[PDB]
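Numbering (my numbering), first residue to last: 209 to 333.
Just so you know, even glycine gets a beta-carbon here, dropped at the ideal spot from N, CA and C.
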Ligand SMILES: Cc1cc(C)cc(Nc2nccc(-c3c(-c4ccc(C(F)(F)F)cc4)ncn3C3CCN(CCN(C)C)CC3)n2)c1
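Now the structure itself:
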């Protein structure tokens, strides 16, 4: 079975809007979402449908851009570093589960290169 997706709304978690979090949603997430290679990363890994019975035996901290989108739009994050961490967790999950040079890994690496280019332009708080 698939696990439930990560929490994206918490009424007990304090909320904040910052110029950096706005940039992460309106620039970073939007740009990665529209990339030709984004489609495997736009939702939780459906290990049942994809026939990956071991995915959630290996990946105990799942993450994906659909979850990141919801977290951003819900003001789930207090600081930009939490969101940057979620992107990095997503990429690392892909690398852990697969092998260097795999198609999906080349796709993730291209997305990560673009992500890092956009983070280098993160505005000061
Ligand atoms: C290239 C390609 C080819 C095909 C046919 C379909 C897809 N679609 C797709 N959709 C969602 C996840 C993945 C995916 C991820 C993966 C891991 C972590 C994340 C992250 F980052 F979100 F966490 C994101 C993604 N890892 C491997 N796959 C593939 C590898 C190839 N298999 C083929 C069948 N296999 C049983 C042998 C299917 C799963 N692939 C992609």
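- In this structure, 272 is the residue among 234, 272, 226, 223 with its C-alpha nearest to the C-alpha of residue 246.
- Between the alpha carbons of residue 286 and residue 301 lies a distance of about 23 Å.
- For residue 297, the secondary structure class from DSSP, reduced to helix, strand or coil, is helix.
- Of all C-beta pairs linking the region 302-321 to the region 258-275, three or more are shorter than 8 Å, placing the two stretches in contact.
- Residue 233 is positioned such that its CB atom lies no closer than 8 Å to that of residue 290.
- The straight-line gap separating the alpha-carbon atoms of residue 230 and residue 217 is approximately 17 Å.
- Distances from the CA of residue 332 to each of 238, 288, 214, 325 were compared; the closest alpha carbon is that of 288.
- Each of 267, 315, 312 was checked against the Cα of residue 297, and the nearest Cα belongs to 267.
- Within the region 243-288, no beta strand (DSSP E) run of at least 3 residues lies entirely inside it.
- Annotation for residue 320: the continuous alpha helix (DSSP H) segment containing it runs 311-327.
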